[PDB]
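Line by line, the protein sequences give chains G and P. Letter by letter, the first sequence follows residues 32 to 128, 138 to 218, 222 to 301, 338 to 372, 398 to 416 of full-length UniProt numbering. Letter by letter, the second sequence follows residues 33 to 128, 138 to 293, 338 to 358, 361 to 373, 400 to 414 of full-length UniProt numbering. One structure is given here, and the rest of the page talks about it.
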Amino acid sequence: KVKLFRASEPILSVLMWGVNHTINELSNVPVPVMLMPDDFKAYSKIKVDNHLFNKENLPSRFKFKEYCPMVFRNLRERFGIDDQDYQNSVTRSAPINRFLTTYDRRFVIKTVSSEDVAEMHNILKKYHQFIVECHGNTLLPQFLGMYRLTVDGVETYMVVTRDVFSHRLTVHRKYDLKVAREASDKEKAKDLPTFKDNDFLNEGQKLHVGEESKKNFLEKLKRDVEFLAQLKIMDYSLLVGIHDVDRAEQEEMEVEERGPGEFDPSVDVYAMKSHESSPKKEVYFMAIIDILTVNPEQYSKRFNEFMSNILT
Amino acid sequence: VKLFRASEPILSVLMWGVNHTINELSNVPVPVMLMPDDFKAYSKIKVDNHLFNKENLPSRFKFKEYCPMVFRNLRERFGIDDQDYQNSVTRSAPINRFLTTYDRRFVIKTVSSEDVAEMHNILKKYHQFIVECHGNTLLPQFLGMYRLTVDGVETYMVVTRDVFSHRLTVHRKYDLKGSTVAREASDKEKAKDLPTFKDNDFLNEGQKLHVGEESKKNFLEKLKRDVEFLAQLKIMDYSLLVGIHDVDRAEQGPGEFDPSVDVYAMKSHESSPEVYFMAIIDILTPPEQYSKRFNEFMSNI
Ligand SMILES: O=c1[nH]c(=O)c2ncn([C@@H]3O[C@H](COP(=O)(O)OP(=O)(O)OP(=O)(O)O)[C@@H](O)[C@H]3O)c2[nH]1
Ligand SMILES: O=c1[nH]c(=O)c2ncn([C@@H]3O[C@H](COP(=O)(O)OP(=O)(O)O)[C@@H](O)[C@H]3O)c2[nH]1
């Protein structure tokens with residue numbers, strides 16, 4: 032039953048320890064009827080300074096700060112994430128990959153800059169109200185916690201979201217969509236390339252979701268970009284991922300020698352099946368990302409029209 | 033949900049800290065042996081949170097546990113499960138600075154730093170003695186030691202197994218020394234509800250003349266081992282605390342107790358008019402002179 036907090040790096044061990052600690056601490060903190068404004072200004076800091084004790088996996092000295100833990104706890108609730116689920120993805124085994141995901145591919149941990157944290161703060165109340173109003177039906181990143189680790193005297197900022205891709209359905213092509224932007228010829232020769240806009244126009248792929256999925260999605264995307272424009276935020280993106288079900292079968296067969340295209344929308348929340356009339360049987364994952372940074401209203405309109413183009 | 037609701041804020045931190053350290057420990061494997069560094073180790077944490085969980089806890093405080101591996105092993109060697117210990121400390125605020142846990146099972150005493158340094162000086166030989174006697178001993182049973190810091194004021198504590206029962210109320214109390222010096226109960230101390238009478242007050246009574254047959258011998262052998270060890274460790278000024286329970290007074338099961346829980350407890354011999364509790368106390372202050406005098410006095414009664 033023992034959490035060893037064994038990782039490859041001490042920052043991952045402290046990360047796992049700190050999530051375990053905060054989730055447990057928070058569990059002794061009652062759930063409030065409503066958030067008060069202090070919850071948006073609060074934090075929890077703890078400093079561990081041990082001696083000749085529990086050195087095997089943790090550093091002997093470190094610090095863990097969790098931002099606005101009441102807000103992020105409520106957000107976890109608003110997103111249908113059980114905190115004990117959350118901690119166990121983080122702590123049952125060391126996350127992997138600064139970009140990290142939890143061992144079970146269910147959550148993403150991105151290290152961020154202090155300015156990112158401050159931006160997160162300036163927006164958090166409007167974000168929480170948006171999350172209330174759209175019941176969590178959104179394409180924006182879904183924030184579950186924000187943390188400052190301190191280890192070796194280096195402070196480290198990290199923000200947790202839901203991974204936009206499925207934890208079960210493997211992703212076969214990736215795109216990051218937002222002037223002419225192309226993926227590096229070096230990146231174009233990587234294993235899973237994060238292909239860009241120009242590469243998509245030259246490939247001319249198109250996602251086939253069928254009117255009903257199309258409509259759900261476009262309505263939430265219009266609301267989201269209007270909301271972002273409202274906070275004067277730019278440089279965000281739409282991450283899109285393709286899972287070709289036939290290939291998933293083939294690769295599972297290769298595995299064998301040495338449901339399919341079914342997924343849980345409760346769990347894989349950005350995911351959509353292809354229209355029943357589709358050429359290839361495919362599953363798509365689509366979300367807005369990178370929301371922590398020539399007009400925001402102009403960019404709103406440009407982004408929205410482009411993303412409106414990519415569907416059927 | 034543990035609120036850590038207490039009578040005083042330091043009690044809230046005490047409950048928080050025992051809870052925290054024990055949970056932390058549950059994730060530390062139990063080692064084939066204690067190593068020397070465990071007797072020199074400690075765990076310190078500083079909590080400084082802001083607009084958060086302030087309702088019953090302080091926003092800033094610190095908690096140090098001394099030699100937690102050794103003390104965990106002592107809890108085990110004394111047959112205390114950490115989760116029982118944790119629940120006694122944390123399920124409800126302790127009570128009465139001298140404390141017992143809400144359930145009267147464990148004793149929490151504030152101590153001085155000098156006492157703490159003495160404790161460290163003795164811990165290895167003490168632990169080894171507790172090993173050798175399988176825990177069959179009359180000495181105090183140390184279960185944990187901690188330094189609280191709150192508003193910047195540090196506070197030391199040592200937790201032991203309580204001598205009195207968590208169920209049966211105690212009807213007379215005495216604190217015995219055996220000095221050649223004369224120690225009597227204060228007319229002011231005699232003016233408390235449960236007087237801690239000394240030797241002189243105990244000599245004049247017939248229910249105070251205790252009665253026991255075969256158990257007396259093995260009890261005396263264990264008292265001898267303890268006092269010989271203390272004389273050996275250069276400890277003086279220690280005491281024997283004792284309690285009497287007249288079951289008739291309780292009526293006005339009865340006289341039933343679990344010896345697995347109330348370990349210092351003894352039934353009266355059939356040649357009796361009661362149930363008695365007896366242990367050694369005050370042992371953190373550094400002759401064999403005192404050892405022999407003390408042991409001889411306790412040998413007769
Ligand atoms: O708009 C905000 N509302 C807030 O409520 C808030 N709380 C923290 N921050 C940001 O925190 C980051 C560095 O960490 P921080 O300065 O908070 O650490 P700190 O206070 O312990 O000091 P030090 O340990 O680095 O010496 C910086 O981006 C601070 O602007 C906030 N920004
Ligand atoms: O929620 C998510 N689940 C994921 O699985 C995932 N995978 C990538 N991303 C984002 O894509 C960009 C990195 O692309 P990159 O080119 O590999 O890195 P960089 O741009 O620094 O060179 C950044 O926005 C990453 O946060 C993901 N977000």
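The C-beta atom is built at its ideal place from N, Cα and C for all residues, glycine as well.
Taking only the alpha-carbon atoms, compute the straight-line gap between residue 357 of chain G and residue 251 of chain G and give it to the nearest angstrom.
-> For residue 357 of chain G and residue 251 of chain G, the distance between alpha carbons rounds to 7 Å.
Can you find a C-beta in chain G that's less than 9 Å from the C-beta of residue 154 of chain P?
-> no
Determine contact between the region 143–153 of chain P and the region 117–126 of chain P, defined as no fewer than three beta-carbon pairs at a distance below 8 Å.
-> yes
Ranges of the beta strand (DSSP E) found wholly within the region 174–199 of chain P, counting only runs of at least 3 | 183–191
Would residue 206 of chain G pass as a contact of residue 346 of chain G if the rule is Cβ separation under 9 Å?
-> yes
Any idea if residue 56 of chain G is buried or exposed, counting beta-carbon neighbours within 10 angstroms, 16 or more meaning buried?
-> Label assigned to residue 56 of chain G: buried.
Can you list the residues of chain G that residue 116 of chain P reaches, using a CB-CB cut of under 9 Å?
-> Within chain G, no residue comes near residue 116 of chain P; the closest Cβ sits about 17 Å away, beyond 9 Å.
In chain order, which beta strand (DSSP E) runs of at least 3 residues are fully inside the region 199–255 of chain P?
-> As far as the region 199–255 of chain P is concerned, its whole beta strand (DSSP E) runs of at least 3 residues are 213–217.
For the alpha helix (DSSP H) containing residue 52 of chain P, list its first residue and its last residue.
-> Residues 41–58.
In the DSSP assignment, what are the bridge partners of residue 152 of chain G?
-> G:197
Since residue 95 of chain G and residue 49 of chain G are thought to touch, with beta carbons under 8 Å apart, how far apart are those beta carbons, to the nearest angstrom?
-> 3 Å
Given a threshold of 16 other Cβ atoms within 10 Å of its Cβ, counted over all protein chains shown, does residue 202 of chain P qualify as buried or as exposed?
-> buried
C-beta neighbour in chain G for residue 58 of chain P, strict 9 Å | It does: the Cβ of residue 58 of chain P has a partner Cβ on chain G nearer than 9 Å.
Across which residues does DSSP place residue 144 of chain G in a beta bridge pair?
-> Partner(s): none; residue 144 of chain G has no beta bridge.
Would you say residue 126 of chain G reaches chain P, if we count a Cβ-Cβ gap shorter than 9 Å as a contact?
-> Chain P, which has no Cβ nearer than 9 Å to the Cβ of residue 126 of chain G, makes this no.
Hey, residue 197 of chain G and residue 227 of chain G are a contact pair by Cβ (cut 8 Å); roughly how many whole angstroms apart?
-> Incorrect: roughly 27 Å between the Cβ atoms, too far for contact.
DSSP state of residue 262 of chain G, grouped into three classes?
-> helix
Would you check whether ligand 2 has a heavy atom nearer than 8 Å to the C-beta of residue 282 of chain G?
-> At least one heavy atom of ligand 2 is found less than 8 Å from the C-beta of residue 282 of chain G.
Would you say residue 226 of chain P touches ligand 1, meaning its beta carbon is less than 8 Å from a heavy atom?
-> no
Residues that residue 365 of chain G bridges to, as DSSP identifies them | G:283
Along the chain, where does the alpha helix (DSSP H) that runs through residue 117 of chain G open and close?
-> 114–122
Contacts that residue 79 of chain G makes with chain P (C-beta to C-beta distance below 9 Å) | 75, 76, 77, 78
Cβ of residue 157 of chain G versus every heavy atom of ligand 1: is any distance shorter than 8 Å?
-> yes
Using three-state DSSP, classify residue 309 of chain G as helix, strand or coil.
-> Looking at chain G, the numbering goes 301 and then 338, which leaves residue 309 of chain G without any coordinates in this model.
Tell me whether residue 172 of chain P is buried or exposed, calling it buried when 16 or more other Cβ atoms sit within 10 Å of its Cβ.
-> Exposed, because fewer than 16 other Cβ atoms sit within 10 Å of the Cβ of residue 172 of chain P.
Tell me whether residue 349 of chain G sits in a helix, a strand or coil according to DSSP, three-state version.
-> coil
With 16 as the cutoff for other CB atoms within 10 Å, does residue 359 of chain G come out buried or exposed?
-> exposed
Indicate whether at least one CB of chain G lies closer than 9 Å to the CB of residue 34 of chain P.
-> Yes, residue 34 of chain P lies at the interface with chain G (some Cβ there is under 9 Å from its Cβ).
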